[PDB]
Amino acid sequence: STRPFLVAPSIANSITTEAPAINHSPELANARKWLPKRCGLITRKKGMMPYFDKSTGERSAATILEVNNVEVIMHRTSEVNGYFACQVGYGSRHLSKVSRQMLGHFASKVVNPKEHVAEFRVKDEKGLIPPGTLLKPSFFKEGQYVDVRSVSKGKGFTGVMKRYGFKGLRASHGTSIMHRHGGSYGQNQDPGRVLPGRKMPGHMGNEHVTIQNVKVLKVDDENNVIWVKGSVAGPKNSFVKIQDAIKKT
Amino acid sequence: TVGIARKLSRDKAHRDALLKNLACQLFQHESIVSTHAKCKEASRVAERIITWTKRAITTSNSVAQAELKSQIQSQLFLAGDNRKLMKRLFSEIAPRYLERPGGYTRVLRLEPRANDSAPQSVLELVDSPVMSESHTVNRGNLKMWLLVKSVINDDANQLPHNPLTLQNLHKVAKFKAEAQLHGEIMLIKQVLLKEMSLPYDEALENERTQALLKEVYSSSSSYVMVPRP
Amino acid sequence: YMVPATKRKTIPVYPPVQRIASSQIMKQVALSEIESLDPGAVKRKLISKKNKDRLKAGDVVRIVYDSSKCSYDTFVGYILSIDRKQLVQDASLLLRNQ
RNA sequence: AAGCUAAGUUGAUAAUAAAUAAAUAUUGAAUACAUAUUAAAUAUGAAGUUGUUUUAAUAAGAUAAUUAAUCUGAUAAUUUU
Ligand SMILES: [Mg+2]
């Protein structure tokens, strides 16, 4: 029950050898990375209001992050996926809004059809949480510091004065028809072109922003909210992600 | 200032004048055709005016009543054919909407006009009485007429009524006595028949109408919802 | 020659664990905050738009600070304005003195 | 009032680590001494390098779905994040 196969002498006699460590390998890259140990959770920015520290009586602007129905769906491993991470879902969504494929996926992992799915990358296999398990605000401690990701408000097409804080020109002293313009955009013939990355008018905002080391002020399971000190990027009802911070761990 | 209402490529005062004018015209004629944008803003005004009128009619507070009246006066041009408009609002127009919570005006999309490509629309008061005595029909509510026409067409074809049509009819009914509605339908139907080529058998038509009303009035997937195991 | 008999499986769809009206949360939070701040609506009563004897521009008032919290001196001022806001707890008043 | 804004608020100025520059060394011949190596070995060493961190793009891989009474999209309507 053999098949007609041949084999070259050059390949048969070739002594076995292991390929060394490539730096652009995923594995190596993983080692390099400065990742958080624990996981995080997805949230919706609801609004902003003032927190009052009752001892010091100090007013802190605080943004409210609502943690509705956050649940780990499934996780990714170094063996299969080349990094360690947990896919977290947020919030319920009506069947009508969800693709058949996505519904199927959700079923596979015994969760409800989610509103927003996002991976949180972690260090080591320890950081992973059992799948199908629910997360509450109680996952964070008051006083601890977190890193927040969200999508900034879109400013549409913006001038150079607003994008990059260019000074524009003088308001009245001869100056004609160019008050808010960017000025020169290059040099003469000895580049003879506009260099890549020249600051120019264009779309601004609606981009990802990571804001680091924000203090968790409060965490109330009874209201499904976390309170974060300061401003978090994006509009009301934008999806936010919070992990425990890396700089102040 | 930015994003509270449409601007309509007119400076404040002029815009205000336009909108008031449109409201007045709507009150006068019951239904008007204009550009979509203008209609949309005009409806906002008109609805507000209607609500003010309602409040004036209802509220016991003399002070409130007076204030509402003043507001109404402000929001109109009472001059030419609108001279008796104040009276009309209180006596004729407002009562129709006493039970209805908002949605007094209806905007319906037409075809964009050929010359300008500007998107057009009909703006009209909702429950407008279709039958004026010493006159026959009134310049009333287009939607109702359209519905009736559709019904007639269906009857002619001997097809079942579309669910959408039925829904529309139900909506029409909600704030309407049954008998009155029937009468209105009958009035419309004869006229429609006259306009069209179709013949008119009275009793039969009445019967049909009755049948239509009855169904309207007396009310009657691949995904499996299951609990988390 | 076996024909491939397709079978589109009926996909289950599980319900959510938690039951939250996301549209209400903020209000609730605000309420909680106010409860935390002023027990028995004391500070709230003055500044209430429903209270007749409220605080008005023109009133002269003495603000007394807590000594346990801070070491600030008490301030007397004529109220120029009360700043009422969308939510309650962040209301203030602007008062002056020569 | 909303919104937009800074003169306002909040946050960051990216670690740890690896190999190094100038330089500082150990042993140690060639050359009985001396020599940090323009010899074999063994070490320290910079706001620089590599890397990290951040954004944008790309899409390997992964989960699921499969000719459809409500498969996946588009056209259409009401809209603003
Ligand atoms: Mg600062």
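Residues numbered from 1 in each chain as written, not as in the entry; some residues may be left out. Chains lettered and ligands numbered in written order. Part of a larger assembly, values for the part shown. Heavy atoms only, no water. Residues with missing side-chain atoms left out of burial classes, pairs and counts.

(A) Main features of a positive patch on the surface. All names here are of chain A. Together, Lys153, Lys155, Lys162, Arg180 and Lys236 make up a positively charged patch on the protein surface. Assignment of secondary structure puts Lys162 in helix α5 (residues 160-163). On the accessibility criterion, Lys162 (51% relative accessible area) is exposed. (Patch = residues over 30% accessible without salt bridge, like charges linked within 9 Å, V, L, I, M, F, W, Y side chains within 5 Å. Areas by Shrake-Rupley, 256 points an atom, 1.4 Å probe, with all protein chains shown as cover. Salt bridge = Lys/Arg side-chain N within 4 Å of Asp/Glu carboxyl O. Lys, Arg positive; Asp, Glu negative; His and termini not counted. Charge placed at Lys NZ, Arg CZ, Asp CG, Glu CD. Helix = DSSP H or I, 4+ residues; strand = E, 2+ residues; numbered from the N terminus. Buried < 20%, exposed > 50% of the residue type's maximum accessible area, 1.4 Å probe, protein only.)

(B) The pattern of salt bridges, seen in detail. Throughout the structure, instances matching the rule amount to 20 salt bridges over all chains. Among the ionic pairs, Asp66 of chain C bridges to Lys69 of chain C, the shortest N-O distance being 3.5 Å. Taken together, the shared-partner salt bridges in this structure form one network comprising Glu30, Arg88, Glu92 and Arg96 of chain B.

(C) Local environment of the sheet that holds strand β2 (residues 105-109) of chain B. Residue and element names in this part refer to chain B. The sheet built from 3 strands is open, its strands ordered β1-β3-β2 with antiparallel pairing. Every other strand in the sheet has two partners, leaving β1 (31-35) and β2 as the edge strands with one partner each. On average, adjacent strands in this sheet sit at an angle of 25° to one another, irrespective of strand direction. Pairing of β2 with strand β3 (residues 120-125), which is carried by 5 bridges, proceeds in the antiparallel orientation. Across the sheet, the residue bridging to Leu108 is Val122, located in β3. (Pairing = 2+ DSSP bridges. Axes fitted to C-alpha atoms, helices over the stretch in contact; angles between N-to-C directions.)

(D) Inspection of the interface of chain C and chain B at higher detail. Taken residue by residue, the interface counts 9 residues in chain C and 8 residues in chain B. Between chain C and chain B, roughly 750 Å² of surface is buried when both sides are summed, and carbon and sulfur atoms account for 65% of that area. Three residues stand out in chain C for area buried against chain B, namely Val13, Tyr14 and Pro15 of chain C, and they jointly supply 56% of the buried area on that side. Between chain C and chain B we count 0 salt bridges in total. Linking chain C with chain B are 4 residue pairs in polar contact, by the criterion used here. In the side of chain C that touches chain B, the residues fall into 7 nonpolar, 1 polar and 1 charged. Relative to strand β1 (residues 11-13) of chain C, strand β4 (residues 223-225) of chain B runs parallel, the two sharing 3 bridges. Bridging from a neighbouring strand, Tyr223 of chain B pairs with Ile11 of chain C of β1 of chain C. (Contact = heavy atoms within 4.5 Å. Buried area = accessible area lost by both parts, 1.4 Å probe. Polar contact = N/O pair within 3.5 Å; in protein donor to acceptor, adjacent residues only side chain to side chain. Nonpolar A, V, L, I, M, F, W, Y, C, P; charged D, E, K, R; others polar.)

(E) A look at a nonpolar patch on the surface. All names here are of chain C. The grouping of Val60, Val76, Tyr78, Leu80 and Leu94 at the surface amounts to a nonpolar patch, some 430 Å² of accessible area in total. With 3 residues, strand β3 (residues 75-83) is the largest single contributor of residues to the nonpolar patch. Relative to the elements of secondary structure, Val76 occurs in strand β3.

(F) Expanded view of the environment of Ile32 of chain B. All names here are of chain B. One can find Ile32 in strand β1. Residue classification places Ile32 among the buried positions, given a relative accessible area of 11%. Expressed as a C-alpha distance, the spacing of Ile32 and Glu47, which sit 15 residues apart in the sequence, is 15 Å.

(G) Looking closely at the environment of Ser71 of chain C. Mapped onto the fold, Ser71 of chain C is located in the loop between β2 (60-63) and β3. Sequence-wise, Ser71 of chain C and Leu87 of chain C are 16 residues apart; in three dimensions their C-alpha atoms are separated by 29 Å.

(H) Local environment of the environment of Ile34 of chain C. Residues and elements named next belong to chain C. Along the chain, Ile34 falls in helix α1 (residues 25-37). Separated by 11 residues in sequence, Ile34 and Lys45 place their C-alpha atoms 13 Å apart. Those residues within four positions of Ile34 in sequence are excluded, and the remaining contacts are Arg44, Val88 and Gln89.

(I) Spatial organisation of the protein's contact with RNA strand D. Close to RNA strand D lie 38 residues, the nearest being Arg32, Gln101, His105, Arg149 and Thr210 of chain A. Sugar and phosphate atoms represent 84% of those atoms of RNA strand D found within 4 Å of the protein. In the model, a phosphate oxygen of RNA strand D is placed 3.1 Å from a nitrogen or oxygen of the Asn213 of chain A side chain. The separation between a sugar or linking oxygen of RNA strand D and a polar side-chain atom of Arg8 of chain C is 3.4 Å. Broken down by secondary-structure element, the contributors of at least two residues to the surface near RNA strand D are β3 (70-76), α3 (78-81), α4 (100-108) and β10 (208-220) of chain A together with α2 (36-58) of chain B. Residues of the surface near RNA strand D, tallied by class, amount to 6 nonpolar, 14 polar and 18 charged. (Near = heavy atom within 4 Å.)

(J) Region of the structure containing the packing of aromatic side chains. Residues and elements named next belong to chain A. Tallying each qualifying case throughout the model produces 6 aromatic pairs over all chains. For the pair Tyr51 and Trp227, a centre-to-centre distance of 6.2 Å together with 65° between the ring planes defines the contact as edge-to-face. Taken together, the residues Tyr51 in strand β1 (residues 40-53) and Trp227 in strand β11 (residues 225-229) connect sequence positions 176 residues apart. Take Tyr51: its relative accessible area is 16%, and that puts it in the buried class. Residue classification places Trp227 among the buried positions, given a relative accessible area of 1%. Seen in terms of ring centroids, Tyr90 and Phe239 are 5.5 Å apart; in terms of plane orientation they differ by 65°. Their pairing is edge-to-face. Placement of the pair is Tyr90 in strand β4 (residues 85-92) and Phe239 in strand β12 (residues 239-244), with a sequence separation of 149 residues. (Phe/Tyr/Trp six-rings, centres within 6.5 Å; stacked < 30°, edge-to-face > 60°.)

(K) Spotlight on the sheet that holds β4 of chain A. Residues and elements named next belong to chain A. Within the open sheet, the 4 strands sit side by side as β5-β4-β3-β6. Their pairing is antiparallel. Single-partner strands in this sheet number two, and they are β5 (114-121) and β6 (134-135). Sheet topology note: the β4/β5 ladder contains 7 bridges and is antiparallel. The residue bridging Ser92 from the neighbouring strand is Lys114, located in β5. Lying over the sheet, α4 contacts β3, β4 and β5, oriented at roughly 90° with respect to β3.

(L) Quick peek at the interface of chain A and chain C. Of the residues lining the interface, 32 residues belong to chain A; the matching set on chain C comes to 25 residues. Between chain A and chain C the total buried area reaches about 2,400 Å² when both faces are included, carbon and sulfur atoms providing 62% of it. Among the residues chain A hides against chain C, the three largest losses belong to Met49, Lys54 and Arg100 of chain A. Together they make up 23% of the total. Among the elements that make up the side of chain A that touches chain C, the one with the highest residue count is β1 of chain A (7 residues). Counted by class, the side of chain A that touches chain C contains 16 nonpolar, 9 polar and 7 charged residues.

(M) Local environment of the nonpolar core. All names here are of chain B. Ranked by size, the top nonpolar core spans 29 residues in total, and within it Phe27, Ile49, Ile50, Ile72, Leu76, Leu89 and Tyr97 carry the most contacts. For this core, the secondary structure elements donating two or more residues are α1 (12-29), α2, α3 (62-74), α4 (85-93) and β3. Broken down by element, the residue count for this core peaks at 8 residues, all from α2. Among all residues touching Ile49, those that are not within four sequence positions of it are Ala23, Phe27, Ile72, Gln75, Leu76 and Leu89. (Core = buried A, V, L, I, M, F, W, Y, C linked by side-chain atoms within 4.5 Å.)

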